[PDB]
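The block underneath contains the structure these notes are about, expressed in structure tokens.
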Amino acid sequence: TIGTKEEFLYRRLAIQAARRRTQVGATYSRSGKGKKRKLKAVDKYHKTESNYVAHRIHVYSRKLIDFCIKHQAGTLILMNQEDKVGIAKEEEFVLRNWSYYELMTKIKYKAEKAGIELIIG
DNA sequence: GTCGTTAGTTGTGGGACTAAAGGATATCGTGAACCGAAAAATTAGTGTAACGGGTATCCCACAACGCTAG
């Protein structure tokens with residue numbers, strides 16, 4: 001089992017909540033010097049949670065590939081991924097808090113590199 | 001003759017009665033009337049939709065050349 005709900009979803013939502021916090025707090029910040037200085041604090045969260053998500057996705061994909069190679073698993077199958085894509089599409093939280101295209105593409109390129117053939121179903 | 005003493009009753013009261021298993025019971029009699037308490041049920045009142053830039057994230061597709069001449 002690679003990844004925890006707290007280290008992926010909860011920290012991602014914490015970064016999002018901090019960004020909303022700064023967005024709310026920027027309305028009454030220093031004013032009269034333009035919009036850019038007001039949104040300066042927002043500018044910090046440029047690619048914060050994107051970087052965090054990318055790093056955790058890299059770690060998780062690396063652990064999956066390492067486990068598959070260490071047990072000589074020459075064919076890695078994603079179970080019920082089509083149905084989960086279908087339910088995620090007709091939702092809001094699942095799409096905007098569970099990067100599955102990024103995970104799938106990292107797994108695909110890191111398994112086509114190691115010879116493992118990836119199946120989706 | 002009379003009063004305290006001692007021993008032997010005599011009546012009366014308090015305390016015992018293996019170990020092992022199990023272990024169901026039924027339980028009357030009726031006087032009135034008003035006030036207070038709190039617990040419960042019924043009733044009366046307020047409602048959005050898209051929009052400007054600008055920017056955070058998602059899925060989804062594609063690229064990431066090779067050769068010739070001045």
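By order of appearance in the structure tokens: chains A, B, ..., then residues from 1 within every chain, and ligands from 1 in the order shown.
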_Residues of chain B were defined as contacting chain A if any atom lay at most 7 Å from it, counting only C-alpha atoms (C1' of nucleotides); please report them as a VMD selection string._
chain B and resid 57 to 59
*asked:* For the structure I just gave you, how does DSSP split chain A - specifically, which residues are strand (DSSP E)? Reply as number ranges by chain.
replied: A: 75-78, 117-120
*Could you name the residues that touch residue 106 (chain A) at 8 Å or less, counting only C-alpha atoms (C1' of nucleotides), but leaving out those on the same chain fewer than 5 positions away, as a PyMOL selection string?*
chain A and resi 57-58+61
*Point-to-point distance in Å for CA of residue 69 (chain A) and CA of residue 56 (chain A)*: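 CA of residue 69 (chain A) lies at a distance of 19.8 Å from CA of residue 56 (chain A).
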*Computed interatomic separation between CA of residue 23 (chain A) and CA of residue 9 (chain A) (Å)*: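 Interatomic distance, CA of residue 23 (chain A) to CA of residue 9 (chain A): 20.9 Å.
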*Go through chain A and collect every residue that DSSP, computed from the backbone, puts in helix (DSSP H, G or I); the answer should be as a VMD selection string.*
chain A and resid 5 to 25 35 to 38 40 to 44 48 to 70 81 to 89 93 to 97 100 to 112
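The interatomic distance for the pair CA of residue 51 (chain A) and CA of residue 105 (chain A) works out to 16.3 Å.
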*Residues near residue 38 (chain A), cut-off 10 Å, only C-alpha atoms (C1' of nucleotides), skip fewer than 2 positions along chain, as a PyMOL selection string*: chain A and resi 23+25-36+40-43
*Spatial neighbours of residue 65 (chain A), 10 Å, only C-alpha atoms (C1' of nucleotides), chain gap at least 2 places, as a ChimeraX atom specification*: /A:59-63,67-71,73,76,107,110-111,114,116
_Pick from A:14, A:83, A:39, A:74 nearest to residue 54 (chain B), counting only C-alpha atoms (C1' of nucleotides)_ = A:39
